file start.cif (mmCIF, C-alpha atoms)
data_work
loop_
_atom_site.group_PDB
_atom_site.id
_atom_site.type_symbol
_atom_site.label_atom_id
_atom_site.label_comp_id
_atom_site.auth_asym_id
_atom_site.auth_seq_id
_atom_site.Cartn_x
_atom_site.Cartn_y
_atom_site.Cartn_z
ATOM 1 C CA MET A 1 67.533 246.235 65.266
ATOM 2 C CA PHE A 2 68.398 246.802 61.628
ATOM 3 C CA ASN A 3 66.173 247.967 58.807
ATOM 4 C CA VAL A 4 66.446 246.310 55.449
ATOM 5 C CA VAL A 5 64.790 248.128 52.573
ATOM 6 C CA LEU A 6 64.078 246.515 49.234
ATOM 7 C CA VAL A 7 63.360 248.832 46.341
ATOM 8 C CA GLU A 8 60.955 247.293 43.749
ATOM 9 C CA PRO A 9 62.092 243.709 44.130
ATOM 10 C CA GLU A 10 61.587 241.370 41.266
ATOM 11 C CA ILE A 11 62.031 237.720 42.157
ATOM 12 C CA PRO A 12 59.604 236.328 44.604
ATOM 13 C CA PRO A 13 61.987 233.838 46.205
ATOM 14 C CA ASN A 14 64.492 236.500 47.176
ATOM 15 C CA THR A 15 61.988 238.387 49.352
ATOM 16 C CA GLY A 16 60.754 235.208 50.824
ATOM 17 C CA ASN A 17 64.387 234.467 51.792
ATOM 18 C CA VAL A 18 64.809 238.003 53.069
ATOM 19 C CA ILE A 19 61.637 237.862 55.101
ATOM 20 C CA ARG A 20 62.943 234.785 56.782
ATOM 21 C CA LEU A 21 66.362 236.264 57.332
ATOM 22 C CA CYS A 22 64.746 239.157 59.178
ATOM 23 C CA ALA A 23 62.847 236.823 61.528
ATOM 24 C CA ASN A 24 66.087 234.944 62.270
ATOM 25 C CA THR A 25 67.978 238.136 63.033
ATOM 26 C CA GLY A 26 65.418 240.573 64.476
ATOM 27 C CA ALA A 27 65.617 242.908 61.480
ATOM 28 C CA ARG A 28 62.761 244.914 60.091
ATOM 29 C CA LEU A 29 61.683 244.744 56.426
ATOM 30 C CA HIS A 30 60.534 247.542 54.189
ATOM 31 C CA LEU A 31 59.355 247.111 50.634
ATOM 32 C CA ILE A 32 59.146 249.805 48.043
ATOM 33 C CA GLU A 33 56.558 249.309 45.428
ATOM 34 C CA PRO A 34 56.000 248.438 42.856
ATOM 35 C CA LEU A 35 56.846 244.805 43.488
ATOM 36 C CA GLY A 36 57.451 242.305 40.803
ATOM 37 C CA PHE A 37 55.062 239.932 42.504
ATOM 38 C CA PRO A 38 52.054 239.493 44.753
ATOM 39 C CA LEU A 39 52.681 239.348 48.434
ATOM 40 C CA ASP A 40 49.953 237.985 50.730
ATOM 41 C CA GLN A 41 58.098 242.836 61.240
ATOM 42 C CA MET A 42 57.269 244.048 57.746
ATOM 43 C CA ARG A 43 55.933 247.082 55.844
ATOM 44 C CA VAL A 44 55.204 247.859 52.225
ATOM 45 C CA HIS A 45 55.500 251.388 50.911
ATOM 46 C CA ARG A 46 54.025 252.878 47.802
ATOM 47 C CA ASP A 47 57.137 254.635 46.564
ATOM 48 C CA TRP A 48 60.222 256.212 48.008
ATOM 49 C CA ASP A 49 58.904 259.590 49.174
ATOM 50 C CA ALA A 50 56.080 257.813 50.926
ATOM 51 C CA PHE A 51 58.616 255.680 52.692
ATOM 52 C CA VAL A 52 60.677 258.745 53.529
ATOM 53 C CA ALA A 53 57.539 260.410 54.760
ATOM 54 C CA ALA A 54 56.372 257.571 56.951
ATOM 55 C CA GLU A 55 59.698 256.385 58.349
ATOM 56 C CA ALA A 56 61.741 259.603 58.369
ATOM 57 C CA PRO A 57 65.061 257.738 58.516
ATOM 58 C CA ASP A 58 68.215 259.465 59.665
ATOM 59 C CA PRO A 59 69.952 260.321 56.413
ATOM 60 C CA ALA A 60 73.349 259.877 58.079
ATOM 61 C CA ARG A 61 72.333 256.230 58.966
ATOM 62 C CA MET A 62 70.713 255.177 55.688
ATOM 63 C CA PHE A 63 73.070 253.321 53.344
ATOM 64 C CA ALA A 64 72.608 252.485 49.680
ATOM 65 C CA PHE A 65 74.212 249.568 47.941
ATOM 66 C CA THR A 66 75.742 250.757 44.695
ATOM 67 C CA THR A 67 78.952 250.119 42.843
ATOM 68 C CA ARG A 68 79.253 253.769 41.823
ATOM 69 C CA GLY A 69 80.742 256.413 44.077
ATOM 70 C CA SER A 70 80.887 253.976 46.947
ATOM 71 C CA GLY A 71 83.166 252.522 49.492
ATOM 72 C CA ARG A 72 83.548 249.190 51.107
ATOM 73 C CA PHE A 73 80.661 248.300 53.329
ATOM 74 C CA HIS A 74 83.062 246.686 55.845
ATOM 75 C CA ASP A 75 85.062 249.911 56.307
ATOM 76 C CA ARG A 76 82.163 251.611 58.047
ATOM 77 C CA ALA A 77 80.763 251.433 61.569
ATOM 78 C CA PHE A 78 77.121 250.532 61.880
ATOM 79 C CA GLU A 79 74.673 251.133 64.624
ATOM 80 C CA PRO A 80 71.337 249.600 65.552
ATOM 81 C CA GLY A 81 68.420 250.943 63.647
ATOM 82 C CA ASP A 82 70.547 251.710 60.618
ATOM 83 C CA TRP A 83 68.838 251.546 57.242
ATOM 84 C CA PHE A 84 70.265 249.393 54.435
ATOM 85 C CA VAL A 85 68.868 250.053 51.003
ATOM 86 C CA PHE A 86 69.003 247.494 48.216
ATOM 87 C CA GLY A 87 67.858 247.589 44.622
ATOM 88 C CA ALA A 88 66.402 244.824 42.427
ATOM 89 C CA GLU A 89 68.770 241.966 41.669
ATOM 90 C CA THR A 90 68.942 242.931 38.012
ATOM 91 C CA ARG A 91 68.906 246.706 37.794
ATOM 92 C CA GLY A 92 70.150 247.552 41.218
ATOM 93 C CA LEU A 93 69.285 251.006 42.415
ATOM 94 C CA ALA A 94 67.881 253.501 39.900
ATOM 95 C CA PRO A 95 70.435 256.308 39.370
ATOM 96 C CA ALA A 96 67.910 258.888 40.310
ATOM 97 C CA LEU A 97 67.678 257.259 43.768
ATOM 98 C CA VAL A 98 71.390 256.753 44.151
ATOM 99 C CA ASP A 99 71.528 260.563 43.428
ATOM 100 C CA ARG A 100 69.742 261.062 46.770
ATOM 101 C CA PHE A 101 72.591 259.431 48.632
ATOM 102 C CA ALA A 102 75.711 261.166 49.926
ATOM 103 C CA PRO A 103 79.047 259.512 49.018
ATOM 104 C CA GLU A 104 79.621 258.397 52.616
ATOM 105 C CA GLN A 105 76.261 256.661 52.557
ATOM 106 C CA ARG A 106 77.202 254.737 49.473
ATOM 107 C CA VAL A 107 78.416 251.176 50.066
ATOM 108 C CA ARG A 108 79.302 248.003 48.317
ATOM 109 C CA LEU A 109 80.269 244.400 49.100
ATOM 110 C CA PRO A 110 83.790 243.336 48.148
ATOM 111 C CA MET A 111 83.740 241.026 45.141
ATOM 112 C CA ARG A 112 85.997 239.683 42.485
ATOM 113 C CA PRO A 113 85.806 242.352 39.832
ATOM 114 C CA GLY A 114 83.900 240.868 37.038
ATOM 115 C CA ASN A 115 81.301 239.481 37.888
ATOM 116 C CA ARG A 116 77.601 238.780 38.124
ATOM 117 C CA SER A 117 75.506 240.079 40.961
ATOM 118 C CA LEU A 118 75.318 238.147 44.207
ATOM 119 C CA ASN A 119 71.870 236.751 44.794
ATOM 120 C CA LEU A 120 69.947 239.484 46.646
ATOM 121 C CA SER A 121 69.080 237.402 49.685
ATOM 122 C CA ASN A 122 72.803 236.546 50.073
ATOM 123 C CA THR A 123 73.724 240.144 49.787
ATOM 124 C CA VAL A 124 71.240 241.112 52.439
ATOM 125 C CA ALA A 125 72.278 238.237 54.798
ATOM 126 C CA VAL A 126 75.989 239.239 54.645
ATOM 127 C CA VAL A 127 75.118 242.868 55.289
ATOM 128 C CA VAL A 128 72.899 242.224 58.282
ATOM 129 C CA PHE A 129 75.301 239.715 59.825
ATOM 130 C CA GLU A 130 78.298 242.014 59.522
ATOM 131 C CA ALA A 131 76.379 244.891 61.145
ATOM 132 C CA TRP A 132 75.194 242.424 63.811
ATOM 133 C CA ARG A 133 78.786 241.404 64.473
ATOM 134 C CA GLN A 134 79.692 245.065 65.137
ATOM 135 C CA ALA A 135 76.651 245.224 67.428
ATOM 136 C CA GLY A 136 77.946 242.211 69.394
ATOM 137 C CA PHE A 137 75.254 239.794 68.224
ATOM 138 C CA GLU A 138 72.986 241.259 70.872
ATOM 139 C CA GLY A 139 69.863 239.276 71.426
ATOM 140 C CA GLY A 140 71.381 236.419 69.563
ATOM 141 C CA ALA A 141 73.453 233.495 70.533
ATOM 142 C CA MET B 1 91.178 230.727 49.036
ATOM 143 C CA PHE B 2 88.373 228.840 50.861
ATOM 144 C CA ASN B 3 86.455 225.642 50.395
ATOM 145 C CA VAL B 4 82.763 225.153 50.694
ATOM 146 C CA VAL B 5 81.363 221.669 51.142
ATOM 147 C CA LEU B 6 77.663 220.942 50.725
ATOM 148 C CA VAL B 7 76.717 217.479 51.923
ATOM 149 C CA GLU B 8 73.635 216.177 50.100
ATOM 150 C CA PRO B 9 72.111 219.554 49.096
ATOM 151 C CA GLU B 10 68.386 219.124 48.409
ATOM 152 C CA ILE B 11 67.102 222.363 46.893
ATOM 153 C CA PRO B 12 68.676 223.354 43.523
ATOM 154 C CA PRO B 13 68.431 227.153 43.920
ATOM 155 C CA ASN B 14 70.542 227.095 47.030
ATOM 156 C CA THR B 15 73.378 225.415 45.123
ATOM 157 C CA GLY B 16 73.020 227.851 42.264
ATOM 158 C CA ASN B 17 73.365 230.654 44.793
ATOM 159 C CA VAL B 18 76.431 229.049 46.290
ATOM 160 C CA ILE B 19 77.897 228.516 42.851
ATOM 161 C CA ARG B 20 77.480 232.289 42.326
ATOM 162 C CA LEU B 21 78.766 233.098 45.801
ATOM 163 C CA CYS B 22 81.859 231.026 45.027
ATOM 164 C CA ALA B 23 82.518 232.576 41.650
ATOM 165 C CA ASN B 24 82.172 235.987 43.285
ATOM 166 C CA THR B 25 84.536 235.395 46.173
ATOM 167 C CA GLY B 26 86.962 232.846 44.815
ATOM 168 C CA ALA B 27 85.936 229.891 46.947
ATOM 169 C CA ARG B 28 86.166 226.311 45.658
ATOM 170 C CA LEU B 29 82.995 224.266 45.760
ATOM 171 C CA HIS B 30 82.623 220.633 46.763
ATOM 172 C CA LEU B 31 79.373 218.611 46.569
ATOM 173 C CA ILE B 32 78.773 215.313 48.315
ATOM 174 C CA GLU B 33 76.379 212.794 46.720
ATOM 175 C CA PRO B 34 73.751 211.921 46.821
ATOM 176 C CA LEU B 35 72.257 215.244 45.763
ATOM 177 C CA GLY B 36 68.660 216.372 45.705
ATOM 178 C CA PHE B 37 68.707 217.375 42.074
ATOM 179 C CA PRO B 38 70.505 216.618 38.832
ATOM 180 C CA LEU B 39 73.520 218.730 38.084
ATOM 181 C CA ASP B 40 73.944 219.765 34.526
ATOM 182 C CA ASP B 41 75.638 222.361 32.393
ATOM 183 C CA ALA B 42 72.402 223.377 30.595
ATOM 184 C CA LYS B 43 70.307 223.415 33.747
ATOM 185 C CA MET B 44 72.840 225.702 35.422
ATOM 186 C CA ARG B 45 72.905 228.022 32.390
ATOM 187 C CA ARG B 46 69.095 228.464 32.274
ATOM 188 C CA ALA B 47 69.297 229.179 36.034
ATOM 189 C CA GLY B 48 71.511 232.066 35.009
ATOM 190 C CA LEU B 49 74.949 230.605 35.826
ATOM 191 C CA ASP B 50 77.922 231.313 33.522
ATOM 192 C CA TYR B 51 80.473 228.618 32.637
ATOM 193 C CA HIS B 52 83.412 230.200 34.530
ATOM 194 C CA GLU B 53 81.228 230.000 37.558
ATOM 195 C CA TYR B 54 80.398 226.291 37.631
ATOM 196 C CA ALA B 55 83.188 224.820 35.514
ATOM 197 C CA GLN B 56 85.698 224.145 38.332
ATOM 198 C CA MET B 57 83.557 222.543 41.084
ATOM 199 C CA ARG B 58 83.999 219.016 42.364
ATOM 200 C CA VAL B 59 81.404 216.328 42.973
ATOM 201 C CA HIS B 60 82.275 213.485 45.305
ATOM 202 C CA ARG B 61 80.512 210.154 45.778
ATOM 203 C CA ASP B 62 80.346 210.243 49.547
ATOM 204 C CA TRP B 63 82.178 211.602 52.534
ATOM 205 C CA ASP B 64 84.917 208.940 52.447
ATOM 206 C CA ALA B 65 85.546 209.502 48.772
ATOM 207 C CA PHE B 66 85.887 213.225 49.511
ATOM 208 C CA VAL B 67 88.230 212.704 52.410
ATOM 209 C CA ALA B 68 90.224 210.454 50.155
ATOM 210 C CA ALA B 69 90.396 212.740 47.126
ATOM 211 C CA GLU B 70 91.014 215.972 48.980
ATOM 212 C CA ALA B 71 92.732 215.013 52.242
ATOM 213 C CA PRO B 72 91.602 218.155 54.093
ATOM 214 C CA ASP B 73 93.574 219.216 57.136
ATOM 215 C CA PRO B 74 91.229 218.174 60.005
ATOM 216 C CA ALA B 75 92.212 221.128 62.205
ATOM 217 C CA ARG B 76 91.119 223.493 59.461
ATOM 218 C CA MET B 77 87.854 221.729 58.553
ATOM 219 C CA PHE B 78 84.791 223.235 60.243
ATOM 220 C CA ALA B 79 81.312 221.736 60.495
ATOM 221 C CA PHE B 80 78.178 223.784 60.929
ATOM 222 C CA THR B 81 76.068 222.250 63.611
ATOM 223 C CA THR B 82 74.198 223.472 66.666
ATOM 224 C CA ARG B 83 75.209 220.455 68.890
ATOM 225 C CA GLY B 84 78.596 220.772 70.721
ATOM 226 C CA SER B 85 79.531 223.873 68.807
ATOM 227 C CA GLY B 86 81.157 227.194 69.300
ATOM 228 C CA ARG B 87 80.206 230.471 67.758
ATOM 229 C CA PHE B 88 81.611 230.893 64.273
ATOM 230 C CA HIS B 89 82.750 234.464 64.612
ATOM 231 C CA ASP B 90 84.824 233.511 67.678
ATOM 232 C CA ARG B 91 87.409 231.741 65.571
ATOM 233 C CA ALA B 92 90.273 232.677 63.253
ATOM 234 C CA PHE B 93 90.246 231.348 59.684
ATOM 235 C CA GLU B 94 93.049 230.883 57.231
ATOM 236 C CA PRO B 95 93.248 230.508 53.487
ATOM 237 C CA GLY B 96 92.574 226.931 52.523
ATOM 238 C CA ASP B 97 90.018 226.257 55.257
ATOM 239 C CA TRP B 98 87.036 223.959 54.646
ATOM 240 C CA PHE B 99 83.485 224.849 55.687
ATOM 241 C CA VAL B 100 81.085 221.968 55.845
ATOM 242 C CA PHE B 101 77.326 222.334 55.559
ATOM 243 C CA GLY B 102 74.405 219.952 55.707
ATOM 244 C CA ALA B 103 71.175 219.783 53.676
ATOM 245 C CA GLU B 104 68.624 222.496 54.256
ATOM 246 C CA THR B 105 66.067 220.155 55.806
ATOM 247 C CA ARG B 106 68.057 218.327 58.475
ATOM 248 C CA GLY B 107 71.522 219.754 58.461
ATOM 249 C CA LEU B 108 74.449 217.436 59.030
ATOM 250 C CA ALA B 109 73.582 213.840 59.795
ATOM 251 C CA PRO B 110 74.570 213.015 63.458
ATOM 252 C CA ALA B 111 76.925 210.333 62.259
ATOM 253 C CA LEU B 112 78.889 212.887 60.275
ATOM 254 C CA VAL B 113 78.923 215.474 63.011
ATOM 255 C CA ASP B 114 80.472 212.660 65.094
ATOM 256 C CA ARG B 115 83.696 212.829 63.079
ATOM 257 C CA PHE B 116 84.119 216.449 64.127
ATOM 258 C CA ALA B 117 86.075 217.567 67.193
ATOM 259 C CA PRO B 118 84.225 220.205 69.275
ATOM 260 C CA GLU B 119 86.726 222.839 68.348
ATOM 261 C CA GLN B 120 85.968 222.082 64.695
ATOM 262 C CA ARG B 121 82.254 222.644 65.269
ATOM 263 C CA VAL B 122 80.552 225.965 64.699
ATOM 264 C CA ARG B 123 77.260 227.794 64.422
ATOM 265 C CA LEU B 124 76.012 231.079 63.210
ATOM 266 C CA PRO B 125 74.534 233.384 65.763
ATOM 267 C CA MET B 126 70.829 233.441 65.532
ATOM 268 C CA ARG B 127 67.719 234.272 67.491
ATOM 269 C CA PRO B 128 66.753 231.243 69.445
ATOM 270 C CA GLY B 129 63.723 229.504 68.114
ATOM 271 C CA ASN B 130 63.365 228.938 65.410
ATOM 272 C CA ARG B 131 64.154 227.612 62.036
ATOM 273 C CA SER B 132 67.198 227.342 59.895
ATOM 274 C CA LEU B 133 68.875 230.189 58.176
ATOM 275 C CA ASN B 134 68.597 229.506 54.520
ATOM 276 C CA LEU B 135 71.460 227.363 53.263
ATOM 277 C CA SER B 136 72.920 229.766 50.793
ATOM 278 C CA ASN B 137 72.626 232.714 53.104
ATOM 279 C CA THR B 138 74.424 230.731 55.750
ATOM 280 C CA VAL B 139 77.238 229.940 53.297
ATOM 281 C CA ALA B 140 77.589 233.523 52.087
ATOM 282 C CA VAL B 141 77.840 234.898 55.665
ATOM 283 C CA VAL B 142 80.583 232.354 56.431
ATOM 284 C CA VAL B 143 82.687 232.861 53.358
ATOM 285 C CA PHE B 144 82.475 236.666 53.662
ATOM 286 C CA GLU B 145 83.531 236.590 57.300
ATOM 287 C CA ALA B 146 86.455 234.326 56.698
ATOM 288 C CA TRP B 147 87.290 236.545 53.703
ATOM 289 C CA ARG B 148 86.937 239.628 55.883
ATOM 290 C CA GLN B 149 89.450 238.088 58.297
ATOM 291 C CA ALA B 150 91.662 237.605 55.242
ATOM 292 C CA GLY B 151 91.574 241.229 54.242
ATOM 293 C CA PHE B 152 89.263 240.650 51.341
ATOM 294 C CA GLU B 153 92.358 239.566 49.587
ATOM 295 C CA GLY B 154 91.864 239.865 45.873
ATOM 296 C CA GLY B 155 88.680 241.806 46.067
ATOM 297 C CA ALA B 156 86.713 244.990 45.591
#
call {"tool": "encode", "arguments": {"input": "start.cif", "output": "structure tokens"}}
result
Amino acid sequence: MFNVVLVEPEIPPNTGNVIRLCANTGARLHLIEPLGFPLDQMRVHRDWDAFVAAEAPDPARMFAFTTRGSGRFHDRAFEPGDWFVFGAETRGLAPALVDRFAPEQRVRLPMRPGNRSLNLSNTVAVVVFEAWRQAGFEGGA
Amino acid sequence: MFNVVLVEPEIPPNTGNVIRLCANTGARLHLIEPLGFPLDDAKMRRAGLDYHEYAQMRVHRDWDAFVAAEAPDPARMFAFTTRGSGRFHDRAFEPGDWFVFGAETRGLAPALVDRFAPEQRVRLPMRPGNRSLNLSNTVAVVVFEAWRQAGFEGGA
């Protein structure tokens, strides 16, 4: 229903949590190597162009989570099979990658200004659930 | 703004995540003993928690002690359970509301769920199966939704 994409994730437990969140919600998981850890509906990609090559996402429906040049995630309408792109919990998305995203495809979660990053799994769960809400919690209940 | 209550949390990391979720959204955190892990300023700091984040949380001895010390409005105190519950997103939430979660392993003890009126019972939508949504993910989805209903008052 939704595609969650993790770019070079670092902390094993986060992905674990994300993997499980996808099962519970019907979302698909994409990983962009390199990963910070060994990992023994999900697909690992070698780097970003390979992912772009293999999945050919609709650029208008692929959203990046960045605090620069973005709007509020909740101000946008989402559709099934949207792509939601998250960076590593520490760095976030490399600027070079962010540079590949149009303003309107730049999103962020409201937060108290401040402040440390939300755990990645939490960030992904809120994102998927909000999109799911808009999609009427189809298939769920 | 909102109140999160974790009743006998078992797994440390989940509580560290919730401590961060709280800091980040402005929610007040309540823990109900017994816990699964020691709670500690140092421990929390090596887990990557600042001192603004965890300073102003409250630990209670048991459910009675909590009810005593806080006196939550019953009509605005919601338990997460799958038995006798409505869908979470089908309700309206107000500043000051209490959201009550059980341990990752079992969820809320039956006995506790028994003190909750049906209209004060809720669940997250989920593919039937299954397993539990992770504790901290569950809490973050709930706070953010309530906060969404509140206009993300004080945020961005």
call {"tool": "resolve_selection", "arguments": {"input": "start.cif", "expression": "the PyMOL selection byres ((chain B) within 9 of (chain A))", "output": "ChimeraX atom specification"}}
result
/B:17,20-21,23-26,49-50,87,89,124-134,136-142,144-145,148,152,154-156
call {"tool": "closest_residue", "arguments": {"input": "start.cif", "among": "B:76, B:95, B:12, B:83", "to": "residue 27 in chain B", "atoms": "only C-alpha atoms"}}
result
B:95
call {"tool": "closest_residue", "arguments": {"input": "start.cif", "among": "B:109, B:143, B:65, B:11", "to": "residue 94 in chain B", "atoms": "only C-alpha atoms"}}
result
B:143
call {"tool": "atom_distance", "arguments": {"input": "start.cif", "atom1": "CA of residue 32 in chain A", "atom2": "CA of residue 48 in chain A"}}
result
6.5 Å
call {"tool": "closest_residue", "arguments": {"input": "start.cif", "among": "B:86, B:97, B:1, B:54", "to": "residue 73 in chain B", "atoms": "only C-alpha atoms"}}
result
B:97
call {"tool": "residues_around", "arguments": {"input": "start.cif", "residues": "residue 36 in chain B", "least_positions_apart": "2", "cutoff": "12 Å", "atoms": "all atoms listed in the file", "output": "PyMOL selection string"}}
result
chain B and resi 6-15+31-34+38-39+103-105
call {"tool": "atom_distance", "arguments": {"input": "start.cif", "atom1": "CA of residue 5 in chain A", "atom2": "CA of residue 31 in chain A"}}
result
5.9 Å
